[PDB]
């Protein structure tokens, strides 16, 4: 029998066309970010809830949607936006999108590394300005990557994809995680026992840590001051891990050469000051935004639900 589903954010048109045939589908047409009250209200009666990282699926949402709601399907690798304790207490099946976005995310990480080190914003702005004076020996001199140290805080699956790409540029890989990785995954990277030690060895300091309450605002005035003068900071994980005041102060003082951010505290209501910095490159949270990756994400949800409909265990089920 055809399940009722509610779709909280607009997905790619190919995936939407499949969902319309596969479910009795109701769609959040204007693509707004619904509040938990909004979700509970709009989705009442749905058996399957299609969500993303922008939807706060709280314990209250999950309860209010009973007895209808059986499945939460999130178009994201992360799932901390879903109250998993509530979901599992009620036998709710939760699906996510593992092992399909690390290549795309690593591409954006490297785009930011390159744009920060080699001054991509100023570069493209200059050509389009109509005032480029032509080639000059001192025109937009950047930092070469060869021989420098890329320090990765939270070198998980996405972090390791970044390191693979980074090694090709002659970057020495340094990292800090709670636990040292095996040799197979480390691939020579230098393990630092503490964040302080990592910060002090990073010519480019990159945040790839998934992000946890304990990590909110961790990159602050004291910690930035520990990074060598002339370094670059990159963030591809979650914006609230960075103290915006601390970062913007360090960019203006030039203790940091430059930055590259794909994520921002309070996005899209990002700190207005970022937009007038010449030594930053900004990307609108497009880590996983390739045609192939976003389609693969949608298909993992569809395939997972097919598996639930046949009483099989989905590969992408979160316990």
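Residue numbers count along the first chain shown, from 1.
**Message:** When the Cα temperature factors in the entry are averaged, is it 184-192 or 75-83 that ends up higher?
**Reply:** Here the higher of the two C-alpha B-factor means belongs to 184-192.
**Request:** Could you check which stretch, 84-92 or 193-201, carries the larger mean CA temperature factor in the entry?
**Result:** Averaged over C-alpha atoms, the B-factors run higher in 193-201.
**Request:** Going by the CA temperature factor in the entry, name the top one among 288, 41, 283, 52.
**Result:** The record points to 41.
**Message:** Looking at 261, 258, 57, 29, which one carries the largest C-alpha B-factor according to the PDB entry?
**Reply:** The record points to 29.
**Asked** Among the chain's modelled residues, which third holds the C-alpha B-factor of residue 14?
**Response** Highest third.
**Request:** Sort the modelled residues of this chain by their C-alpha B factor and say whether residue 97 lands in the lowest, middle or highest third.
**Result:** For residue 97, the deposited C-alpha B-factor lands in the lowest third.
**Third assignment of residue 254 from its chain's C-alpha B-factors** = Tercile = highest for this residue's CA B-factor.
**Message:** Which third, lowest, middle or highest, does the C-alpha temperature factor of residue 175 belong to within its own chain?
**Reply:** Within its chain, residue 175 is a middle-third residue by C-alpha B-factor, going by the deposited values.
**Asked** Compared with the other modelled residues in the chain, in which third is the CA B-factor of residue 275?
**Response** Highest third.
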